[PDB]
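Here is start_33.cif, consisting of mmCIF, N, CA and C atoms:
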data_coords
loop_
_atom_site.label_atom_id
_atom_site.label_comp_id
_atom_site.auth_asym_id
_atom_site.auth_seq_id
_atom_site.Cartn_x
_atom_site.Cartn_y
_atom_site.Cartn_z
N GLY I 21 0.79 -1.22 0.00
CA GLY I 21 0.00 0.00 0.00
C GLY I 21 0.83 1.27 0.00
N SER I 22 0.15 2.41 0.17
CA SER I 22 0.82 3.70 0.26
C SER I 22 1.22 3.97 1.70
N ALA I 23 2.49 4.29 1.91
CA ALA I 23 2.95 4.64 3.26
C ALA I 23 2.21 5.86 3.78
N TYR I 24 1.99 6.85 2.92
CA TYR I 24 1.34 8.08 3.37
C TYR I 24 -0.14 7.85 3.66
N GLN I 25 -0.84 7.13 2.77
CA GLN I 25 -2.25 6.86 3.04
C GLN I 25 -2.41 5.98 4.27
N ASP I 26 -1.50 5.03 4.47
CA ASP I 26 -1.53 4.22 5.68
C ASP I 26 -1.35 5.10 6.91
N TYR I 27 -0.47 6.11 6.83
CA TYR I 27 -0.32 7.03 7.94
C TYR I 27 -1.63 7.78 8.19
N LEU I 28 -2.25 8.31 7.13
CA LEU I 28 -3.49 9.06 7.33
C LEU I 28 -4.55 8.19 7.99
N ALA I 29 -4.69 6.95 7.53
CA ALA I 29 -5.65 6.04 8.14
C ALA I 29 -5.35 5.84 9.62
N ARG I 30 -4.09 5.53 9.96
CA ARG I 30 -3.70 5.34 11.36
C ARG I 30 -3.97 6.58 12.18
N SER I 31 -3.69 7.76 11.62
CA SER I 31 -3.86 9.01 12.35
C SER I 31 -5.30 9.26 12.74
N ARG I 32 -6.25 8.57 12.11
CA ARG I 32 -7.66 8.80 12.35
C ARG I 32 -8.26 7.80 13.32
N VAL I 33 -7.53 6.74 13.64
CA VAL I 33 -8.10 5.70 14.49
C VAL I 33 -8.33 6.21 15.91
N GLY I 34 -7.51 7.15 16.39
CA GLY I 34 -7.66 7.65 17.75
C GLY I 34 -9.01 8.29 18.04
N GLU I 35 -9.66 8.86 17.02
CA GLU I 35 -10.99 9.43 17.24
C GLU I 35 -11.99 8.35 17.59
N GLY I 36 -11.88 7.18 16.97
CA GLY I 36 -12.74 6.07 17.35
C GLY I 36 -12.41 5.53 18.72
N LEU I 37 -11.12 5.45 19.06
CA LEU I 37 -10.75 5.02 20.39
C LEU I 37 -11.26 5.99 21.45
N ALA I 38 -11.31 7.30 21.13
CA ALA I 38 -11.83 8.25 22.10
C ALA I 38 -13.32 8.03 22.34
N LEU I 39 -14.09 7.83 21.27
CA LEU I 39 -15.51 7.48 21.43
C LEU I 39 -15.67 6.15 22.15
N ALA I 40 -14.79 5.20 21.88
CA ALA I 40 -14.86 3.94 22.61
C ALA I 40 -14.62 4.14 24.10
N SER I 41 -13.75 5.08 24.48
CA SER I 41 -13.50 5.27 25.90
C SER I 41 -14.75 5.74 26.64
N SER I 42 -15.58 6.55 25.98
CA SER I 42 -16.86 6.94 26.58
C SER I 42 -17.76 5.72 26.75
N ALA I 43 -17.78 4.85 25.73
CA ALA I 43 -18.57 3.63 25.84
C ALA I 43 -18.05 2.73 26.96
N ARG I 44 -16.72 2.67 27.16
CA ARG I 44 -16.19 1.87 28.27
C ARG I 44 -16.68 2.38 29.62
N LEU I 45 -16.87 3.69 29.75
CA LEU I 45 -17.40 4.23 30.99
C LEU I 45 -18.83 3.76 31.22
N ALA I 46 -19.65 3.75 30.17
CA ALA I 46 -21.01 3.23 30.29
C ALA I 46 -21.00 1.77 30.73
N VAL I 47 -20.14 0.95 30.10
CA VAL I 47 -20.11 -0.46 30.45
C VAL I 47 -19.70 -0.64 31.90
N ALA I 48 -18.68 0.10 32.33
CA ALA I 48 -18.20 -0.03 33.71
C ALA I 48 -19.27 0.38 34.72
N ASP I 49 -20.01 1.45 34.42
CA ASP I 49 -21.08 1.88 35.32
C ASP I 49 -22.11 0.78 35.48
N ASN I 50 -22.56 0.22 34.36
CA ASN I 50 -23.61 -0.79 34.39
C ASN I 50 -23.12 -2.11 34.96
N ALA I 51 -21.84 -2.46 34.75
CA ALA I 51 -21.34 -3.69 35.34
C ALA I 51 -21.48 -3.66 36.85
N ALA I 52 -21.18 -2.52 37.45
CA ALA I 52 -21.25 -2.39 38.90
C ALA I 52 -22.69 -2.47 39.41
N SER I 53 -23.67 -2.07 38.61
CA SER I 53 -25.05 -2.09 39.08
C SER I 53 -25.84 -3.31 38.60
N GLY I 54 -25.24 -4.16 37.76
CA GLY I 54 -25.93 -5.34 37.27
C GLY I 54 -26.98 -5.05 36.21
N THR I 55 -26.85 -3.94 35.51
CA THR I 55 -27.84 -3.52 34.53
C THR I 55 -27.35 -3.80 33.12
N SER I 56 -28.22 -3.56 32.14
CA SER I 56 -27.83 -3.65 30.74
C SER I 56 -26.52 -2.91 30.53
N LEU I 57 -25.57 -3.55 29.85
CA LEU I 57 -24.24 -2.96 29.80
C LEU I 57 -24.18 -1.74 28.89
N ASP I 58 -25.22 -1.51 28.08
CA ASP I 58 -25.39 -0.25 27.36
C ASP I 58 -26.39 0.69 28.06
N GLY I 59 -26.66 0.47 29.34
CA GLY I 59 -27.63 1.31 30.04
C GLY I 59 -27.21 2.77 30.05
N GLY I 60 -28.13 3.65 29.66
CA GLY I 60 -27.87 5.07 29.58
C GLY I 60 -27.03 5.51 28.39
N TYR I 61 -26.56 4.58 27.56
CA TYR I 61 -25.61 4.92 26.50
C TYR I 61 -26.29 5.60 25.33
N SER I 62 -25.69 6.71 24.87
CA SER I 62 -26.13 7.40 23.65
C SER I 62 -25.13 7.14 22.54
N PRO I 63 -25.43 6.29 21.56
CA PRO I 63 -24.43 6.01 20.52
C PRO I 63 -24.10 7.27 19.73
N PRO I 64 -22.82 7.52 19.48
CA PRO I 64 -22.42 8.75 18.80
C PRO I 64 -22.91 8.81 17.37
N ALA I 65 -23.19 10.02 16.91
CA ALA I 65 -23.50 10.24 15.51
C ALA I 65 -22.30 9.91 14.62
N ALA I 66 -22.59 9.45 13.40
CA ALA I 66 -21.52 9.18 12.44
C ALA I 66 -20.70 10.43 12.18
N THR I 67 -19.38 10.26 12.11
CA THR I 67 -18.45 11.35 11.82
C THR I 67 -17.64 11.03 10.56
N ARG I 68 -16.74 11.96 10.20
CA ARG I 68 -15.90 11.75 9.02
C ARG I 68 -15.13 10.45 9.10
N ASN I 69 -14.71 10.07 10.31
CA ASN I 69 -13.80 8.96 10.48
C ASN I 69 -14.41 7.76 11.18
N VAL I 70 -15.47 7.94 11.95
CA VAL I 70 -16.06 6.87 12.75
C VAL I 70 -17.52 6.71 12.36
N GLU I 71 -17.88 5.55 11.82
CA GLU I 71 -19.26 5.34 11.42
C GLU I 71 -20.15 5.04 12.62
N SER I 72 -19.66 4.27 13.58
CA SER I 72 -20.49 3.93 14.73
C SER I 72 -19.61 3.38 15.84
N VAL I 73 -20.11 3.52 17.07
CA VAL I 73 -19.54 2.88 18.26
C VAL I 73 -20.71 2.24 19.00
N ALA I 74 -20.74 0.91 19.02
CA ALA I 74 -21.89 0.17 19.53
C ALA I 74 -21.49 -0.69 20.71
N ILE I 75 -22.39 -0.79 21.69
CA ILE I 75 -22.20 -1.67 22.85
C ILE I 75 -23.16 -2.84 22.73
N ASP I 76 -22.64 -4.05 22.91
CA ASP I 76 -23.50 -5.22 23.11
C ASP I 76 -23.98 -5.19 24.55
N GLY I 77 -25.29 -4.98 24.77
CA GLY I 77 -25.79 -4.85 26.13
C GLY I 77 -25.69 -6.12 26.96
N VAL I 78 -25.46 -7.27 26.34
CA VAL I 78 -25.34 -8.51 27.10
C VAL I 78 -23.92 -8.74 27.61
N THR I 79 -22.90 -8.43 26.79
CA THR I 79 -21.51 -8.72 27.09
C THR I 79 -20.68 -7.49 27.41
N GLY I 80 -21.14 -6.31 27.02
CA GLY I 80 -20.34 -5.12 27.16
C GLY I 80 -19.28 -4.94 26.10
N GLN I 81 -19.19 -5.85 25.12
CA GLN I 81 -18.22 -5.66 24.04
C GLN I 81 -18.58 -4.44 23.22
N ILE I 82 -17.56 -3.67 22.84
CA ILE I 82 -17.72 -2.44 22.09
C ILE I 82 -17.17 -2.66 20.70
N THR I 83 -17.96 -2.34 19.68
CA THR I 83 -17.50 -2.40 18.29
C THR I 83 -17.38 -0.99 17.74
N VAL I 84 -16.17 -0.63 17.31
CA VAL I 84 -15.88 0.65 16.67
C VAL I 84 -15.77 0.39 15.18
N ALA I 85 -16.63 1.03 14.38
CA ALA I 85 -16.61 0.86 12.94
C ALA I 85 -16.11 2.16 12.31
N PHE I 86 -15.03 2.07 11.56
CA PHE I 86 -14.46 3.26 10.93
C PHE I 86 -15.01 3.45 9.52
N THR I 87 -14.93 4.69 9.04
CA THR I 87 -15.35 5.00 7.68
C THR I 87 -14.26 4.66 6.67
N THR I 88 -14.56 4.86 5.39
CA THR I 88 -13.57 4.63 4.33
C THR I 88 -12.41 5.61 4.39
N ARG I 89 -12.49 6.67 5.20
CA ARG I 89 -11.29 7.47 5.45
C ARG I 89 -10.22 6.69 6.19
N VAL I 90 -10.58 5.55 6.78
CA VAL I 90 -9.64 4.65 7.43
C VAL I 90 -9.47 3.36 6.63
N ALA I 91 -10.57 2.66 6.34
CA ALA I 91 -10.45 1.38 5.65
C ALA I 91 -11.77 1.03 4.98
N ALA I 92 -11.71 0.06 4.08
CA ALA I 92 -12.88 -0.35 3.32
C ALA I 92 -13.95 -0.98 4.22
N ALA I 93 -15.21 -0.78 3.83
CA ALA I 93 -16.31 -1.42 4.54
C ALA I 93 -16.11 -2.92 4.57
N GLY I 94 -16.40 -3.53 5.73
CA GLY I 94 -16.14 -4.94 5.92
C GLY I 94 -14.74 -5.27 6.40
N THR I 95 -13.81 -4.32 6.35
CA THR I 95 -12.49 -4.46 6.95
C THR I 95 -12.20 -3.24 7.81
N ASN I 96 -13.13 -2.94 8.73
CA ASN I 96 -13.13 -1.62 9.35
C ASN I 96 -13.47 -1.59 10.84
N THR I 97 -13.50 -2.72 11.55
CA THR I 97 -13.88 -2.67 12.96
C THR I 97 -12.74 -3.03 13.91
N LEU I 98 -12.75 -2.37 15.07
CA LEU I 98 -12.03 -2.79 16.26
C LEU I 98 -13.05 -3.23 17.29
N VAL I 99 -12.71 -4.23 18.10
CA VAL I 99 -13.59 -4.69 19.17
C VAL I 99 -12.85 -4.56 20.50
N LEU I 100 -13.50 -3.95 21.48
CA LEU I 100 -12.97 -3.82 22.83
C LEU I 100 -13.78 -4.75 23.72
N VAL I 101 -13.11 -5.65 24.43
CA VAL I 101 -13.76 -6.70 25.22
C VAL I 101 -13.48 -6.45 26.70
N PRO I 102 -14.51 -6.34 27.53
CA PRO I 102 -14.31 -6.19 28.98
C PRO I 102 -14.36 -7.53 29.71
N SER I 103 -13.65 -7.59 30.83
CA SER I 103 -13.67 -8.79 31.66
C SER I 103 -13.35 -8.42 33.09
N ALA I 104 -13.56 -9.37 33.99
CA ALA I 104 -13.24 -9.21 35.40
C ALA I 104 -12.58 -10.49 35.90
N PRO I 105 -11.83 -10.43 36.99
CA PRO I 105 -11.24 -11.66 37.53
C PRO I 105 -12.33 -12.58 38.06
N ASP I 106 -12.03 -13.89 38.06
CA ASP I 106 -13.02 -14.86 38.52
C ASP I 106 -13.20 -14.80 40.03
N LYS I 107 -12.16 -14.38 40.77
CA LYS I 107 -12.18 -14.32 42.22
C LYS I 107 -11.62 -12.98 42.68
N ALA I 108 -12.16 -12.47 43.78
CA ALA I 108 -11.62 -11.25 44.37
C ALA I 108 -10.22 -11.48 44.95
N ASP I 109 -9.95 -12.68 45.43
CA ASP I 109 -8.71 -13.02 46.10
C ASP I 109 -8.01 -14.13 45.32
N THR I 110 -6.81 -13.83 44.82
CA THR I 110 -5.97 -14.75 44.05
C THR I 110 -6.75 -15.39 42.91
N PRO I 111 -7.14 -14.61 41.90
CA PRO I 111 -7.91 -15.18 40.78
C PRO I 111 -7.08 -16.17 39.99
N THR I 112 -7.79 -17.01 39.24
CA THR I 112 -7.16 -18.00 38.37
C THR I 112 -7.53 -17.81 36.92
N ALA I 113 -8.41 -16.85 36.63
CA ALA I 113 -8.93 -16.66 35.28
C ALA I 113 -9.66 -15.33 35.25
N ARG I 114 -10.01 -14.92 34.05
CA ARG I 114 -10.89 -13.78 33.82
C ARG I 114 -12.20 -14.31 33.27
N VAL I 115 -13.28 -13.60 33.58
CA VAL I 115 -14.61 -13.99 33.11
C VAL I 115 -15.24 -12.84 32.33
N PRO I 116 -16.12 -13.13 31.37
CA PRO I 116 -16.83 -12.06 30.69
C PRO I 116 -17.79 -11.36 31.63
N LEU I 117 -18.20 -10.16 31.22
CA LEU I 117 -19.35 -9.52 31.83
C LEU I 117 -20.62 -10.16 31.29
N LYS I 118 -21.68 -10.14 32.10
CA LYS I 118 -22.96 -10.67 31.67
C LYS I 118 -24.05 -9.79 32.26
N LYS I 119 -24.90 -9.23 31.39
CA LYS I 119 -26.08 -8.49 31.81
C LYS I 119 -26.80 -9.19 32.95
N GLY I 120 -27.04 -8.45 34.02
CA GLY I 120 -27.79 -8.94 35.16
C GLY I 120 -26.93 -9.49 36.27
N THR I 121 -25.64 -9.71 36.02
CA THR I 121 -24.72 -10.21 37.02
C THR I 121 -23.87 -9.05 37.51
N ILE I 122 -24.12 -8.62 38.74
CA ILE I 122 -23.30 -7.57 39.33
C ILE I 122 -21.85 -8.00 39.33
N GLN I 123 -21.05 -7.09 38.81
CA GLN I 123 -19.60 -7.34 38.73
C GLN I 123 -18.90 -6.14 39.36
N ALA I 124 -18.45 -6.31 40.60
CA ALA I 124 -17.72 -5.28 41.30
C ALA I 124 -16.24 -5.30 40.91
N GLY I 125 -15.57 -4.17 41.13
CA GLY I 125 -14.12 -4.08 40.97
C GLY I 125 -13.68 -3.51 39.63
N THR I 126 -12.39 -3.67 39.37
CA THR I 126 -11.78 -3.11 38.18
C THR I 126 -12.06 -3.97 36.95
N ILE I 127 -12.56 -3.34 35.90
CA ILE I 127 -12.83 -4.00 34.63
C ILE I 127 -11.60 -3.88 33.75
N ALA I 128 -11.14 -5.01 33.20
CA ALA I 128 -10.04 -5.00 32.25
C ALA I 128 -10.60 -4.92 30.84
N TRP I 129 -9.90 -4.20 29.97
CA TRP I 129 -10.29 -4.06 28.58
C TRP I 129 -9.19 -4.58 27.67
N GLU I 130 -9.59 -5.29 26.62
CA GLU I 130 -8.64 -5.76 25.61
C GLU I 130 -9.14 -5.40 24.23
N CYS I 131 -8.25 -4.85 23.40
CA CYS I 131 -8.57 -4.43 22.05
C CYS I 131 -8.20 -5.53 21.06
N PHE I 132 -9.04 -5.72 20.05
CA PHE I 132 -8.81 -6.70 18.99
C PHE I 132 -8.94 -6.03 17.63
N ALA I 133 -7.93 -6.22 16.79
CA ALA I 133 -7.99 -5.95 15.36
C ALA I 133 -8.04 -7.29 14.62
N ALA I 134 -8.14 -7.22 13.29
CA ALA I 134 -8.12 -8.44 12.51
C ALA I 134 -6.84 -9.22 12.77
N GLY I 135 -6.95 -10.54 12.80
CA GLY I 135 -5.79 -11.39 12.98
C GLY I 135 -5.44 -11.69 14.42
N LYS I 136 -5.97 -10.95 15.38
CA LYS I 136 -5.72 -11.27 16.78
C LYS I 136 -6.74 -12.32 17.22
N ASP I 137 -6.33 -13.59 17.24
CA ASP I 137 -7.25 -14.70 17.48
C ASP I 137 -7.13 -15.27 18.88
N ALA I 138 -6.34 -14.65 19.74
CA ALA I 138 -6.22 -15.08 21.12
C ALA I 138 -6.02 -13.86 21.99
N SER I 139 -6.54 -13.95 23.21
CA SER I 139 -6.28 -12.92 24.20
C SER I 139 -4.85 -13.04 24.72
N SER I 140 -4.21 -11.89 24.96
CA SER I 140 -2.88 -11.88 25.57
C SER I 140 -2.85 -11.05 26.85
N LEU I 141 -3.99 -10.93 27.53
CA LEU I 141 -4.01 -10.22 28.80
C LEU I 141 -3.10 -10.91 29.81
N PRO I 142 -2.51 -10.15 30.74
CA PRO I 142 -1.57 -10.75 31.71
C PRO I 142 -2.27 -11.63 32.74
N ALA I 143 -1.48 -12.25 33.62
CA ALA I 143 -2.04 -13.02 34.72
C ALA I 143 -3.14 -12.21 35.40
N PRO I 144 -4.28 -12.83 35.76
CA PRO I 144 -4.57 -14.27 35.82
C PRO I 144 -4.96 -14.94 34.51
N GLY I 145 -4.85 -14.27 33.35
CA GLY I 145 -4.85 -14.99 32.10
C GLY I 145 -5.75 -14.37 31.05
N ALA I 146 -6.14 -15.20 30.09
CA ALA I 146 -6.85 -14.74 28.91
C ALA I 146 -8.22 -14.17 29.24
N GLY I 147 -8.57 -13.07 28.57
CA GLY I 147 -9.93 -12.59 28.59
C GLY I 147 -10.73 -13.20 27.45
N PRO I 148 -12.00 -12.85 27.36
CA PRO I 148 -12.85 -13.39 26.29
C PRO I 148 -12.46 -12.85 24.92
N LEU I 149 -12.88 -13.57 23.88
CA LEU I 149 -12.67 -13.13 22.50
C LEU I 149 -13.87 -12.34 21.99
N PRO I 150 -13.67 -11.50 20.97
CA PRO I 150 -14.81 -10.84 20.32
C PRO I 150 -15.87 -11.84 19.90
N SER I 151 -17.13 -11.47 20.14
CA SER I 151 -18.25 -12.29 19.67
C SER I 151 -18.21 -12.42 18.15
N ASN I 152 -17.94 -11.32 17.46
CA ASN I 152 -17.66 -11.30 16.04
C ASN I 152 -16.27 -10.72 15.84
N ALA I 153 -15.44 -11.41 15.08
CA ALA I 153 -14.06 -10.99 14.91
C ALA I 153 -13.98 -9.54 14.42
N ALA I 154 -12.97 -8.85 14.93
CA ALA I 154 -12.65 -7.53 14.41
C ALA I 154 -12.13 -7.65 12.99
N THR I 155 -12.40 -6.63 12.17
CA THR I 155 -12.03 -6.69 10.77
C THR I 155 -11.06 -5.60 10.32
N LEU I 156 -10.74 -4.62 11.17
CA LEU I 156 -9.75 -3.61 10.78
C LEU I 156 -8.37 -4.24 10.69
N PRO I 157 -7.66 -4.08 9.58
CA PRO I 157 -6.31 -4.65 9.48
C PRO I 157 -5.40 -4.15 10.59
N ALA I 158 -4.60 -5.07 11.14
CA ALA I 158 -3.73 -4.76 12.28
C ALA I 158 -2.79 -3.59 12.00
N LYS I 159 -2.37 -3.41 10.76
CA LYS I 159 -1.41 -2.32 10.42
C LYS I 159 -1.99 -0.92 10.70
N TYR I 160 -3.30 -0.83 10.83
CA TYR I 160 -3.94 0.45 11.11
C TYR I 160 -4.17 0.68 12.60
N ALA I 161 -3.89 -0.31 13.43
CA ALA I 161 -4.32 -0.30 14.81
C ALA I 161 -3.14 -0.14 15.76
N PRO I 162 -3.40 0.32 16.99
CA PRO I 162 -2.35 0.32 18.01
C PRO I 162 -1.80 -1.08 18.25
N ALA I 163 -0.57 -1.12 18.76
CA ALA I 163 0.11 -2.39 19.00
C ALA I 163 -0.73 -3.34 19.84
N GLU I 164 -1.39 -2.82 20.87
CA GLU I 164 -2.12 -3.70 21.78
C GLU I 164 -3.32 -4.36 21.13
N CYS I 165 -3.72 -3.91 19.94
CA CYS I 165 -4.83 -4.55 19.23
C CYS I 165 -4.36 -5.62 18.27
N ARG I 166 -3.06 -5.64 17.94
CA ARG I 166 -2.54 -6.53 16.92
C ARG I 166 -2.32 -7.94 17.45
N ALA I 167 -2.03 -8.07 18.73
CA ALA I 167 -1.76 -9.37 19.33
C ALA I 167 -2.08 -9.29 20.81
#
If you convert what's in this file into structure tokens, what do you get?
Amino acid sequence: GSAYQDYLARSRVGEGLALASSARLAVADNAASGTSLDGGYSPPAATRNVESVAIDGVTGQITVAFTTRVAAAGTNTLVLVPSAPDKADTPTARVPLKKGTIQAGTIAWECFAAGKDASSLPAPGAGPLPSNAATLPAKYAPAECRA
């Protein structure tokens, strides 16, 4: 591809990550209260660079869809996956969020781009995978989304 166009695409991904950070706040609020993980959430209007930022109310997974100013339709999403430790004391695993299950404490987030087929979160271990694989090519994404 074009080095310059690849730079322009990369330079625009942060606007979607910023909208995703607002969505992460909604998920964290609702996780603590046991409510729909998109509770109170207002999905942002489409912009030049970000077509949508959506929350799955059951899992809290966030899908960021970029416009063609970043990448072609169908190869344009990042997925942010939330999780919590299985135990408050000396956990052995991470568990997904689930609507209706109060989840206290710190929520971990993991970003996925295309090609990242396994979680690499640190001990106590892997978090959940995207319900639907991310489709934005890894070359456009931050390092933490590539693997």
### Message
I'd like the neighbourhood of residue 97 of chain I as a PyMOL selection string, where a residue qualifies if any of its atoms comes within 8 Å (using only N, CA and C atoms), though same-chain residues fewer than 5 positions away should be ignored.
### Response
chain I and resi 83-87+91-92+132-134+153-157
### Query
Please, which residues of segment 24-141 of chain I, numbered as in this document, come out strand (DSSP E) from DSSP, as a ChimeraX atom specification?
/I:70-75,82-86,97-105,114-116,128-132
### Task
Name the residues of chain I that come out as helix (DSSP H, G or I) in a backbone DSSP run; write them as a PyMOL selection string.
chain I and resi 23-53+158-160+163-166
### Task
Quick one: apply the PyMOL selection byres ((chain I and resi 144-151) around 8) to the file and drop the selected residues here as a PyMOL selection string.
chain I and resi 81+99-106+110-117+130+132+136-143+152-154
### Top pick for closest residue to residue 75 of chain I, considering I:90, I:158, I:43, I:52 and counting only N, CA and C atoms
I:43
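A straight line drawn from atom CA of residue 34 of chain I to atom CA of residue 58 of chain I is 21.7 Å long.
Note that the spacing between atom C of residue 89 of chain I and atom CA of residue 29 of chain I amounts to 5.0 Å.
Candidate residues I:135, I:120, I:36, I:21 were compared for distance to residue 51 of chain I, and the nearest is I:120, using only C-alpha atoms.
Relative to atom CA of residue 69 of chain I, atom CA of residue 30 of chain I is found at 10.8 Å.
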If you count only C-alpha atoms, which residues fall within 10 Å of residue 39 of chain I, apart from same-chain ones fewer than 6 positions away, as an mmCIF file with N, CA and C atoms, in the coordinates of the input?
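Dumped everything to out_33.cif:
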data_model
loop_
_atom_site.group_PDB
_atom_site.id
_atom_site.type_symbol
_atom_site.label_atom_id
_atom_site.label_comp_id
_atom_site.auth_asym_id
_atom_site.auth_seq_id
_atom_site.Cartn_x
_atom_site.Cartn_y
_atom_site.Cartn_z
ATOM 1 N N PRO I 63 -25.430 6.290 21.560
ATOM 2 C CA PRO I 63 -24.430 6.010 20.520
ATOM 3 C C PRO I 63 -24.100 7.270 19.730
ATOM 4 N N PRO I 64 -22.820 7.520 19.480
ATOM 5 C CA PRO I 64 -22.420 8.750 18.800
ATOM 6 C C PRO I 64 -22.910 8.810 17.370
ATOM 7 N N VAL I 70 -15.470 7.940 11.950
ATOM 8 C CA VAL I 70 -16.060 6.870 12.750
ATOM 9 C C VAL I 70 -17.520 6.710 12.360
ATOM 10 N N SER I 72 -19.660 4.270 13.580
ATOM 11 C CA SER I 72 -20.490 3.930 14.730
ATOM 12 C C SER I 72 -19.610 3.380 15.840
ATOM 13 N N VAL I 73 -20.110 3.520 17.070
ATOM 14 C CA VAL I 73 -19.540 2.880 18.260
ATOM 15 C C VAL I 73 -20.710 2.240 19.000
ATOM 16 N N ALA I 74 -20.740 0.910 19.020
ATOM 17 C CA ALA I 74 -21.890 0.170 19.530
ATOM 18 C C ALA I 74 -21.490 -0.690 20.710
ATOM 19 N N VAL I 84 -16.170 -0.630 17.310
ATOM 20 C CA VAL I 84 -15.880 0.650 16.670
ATOM 21 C C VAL I 84 -15.770 0.390 15.180
#
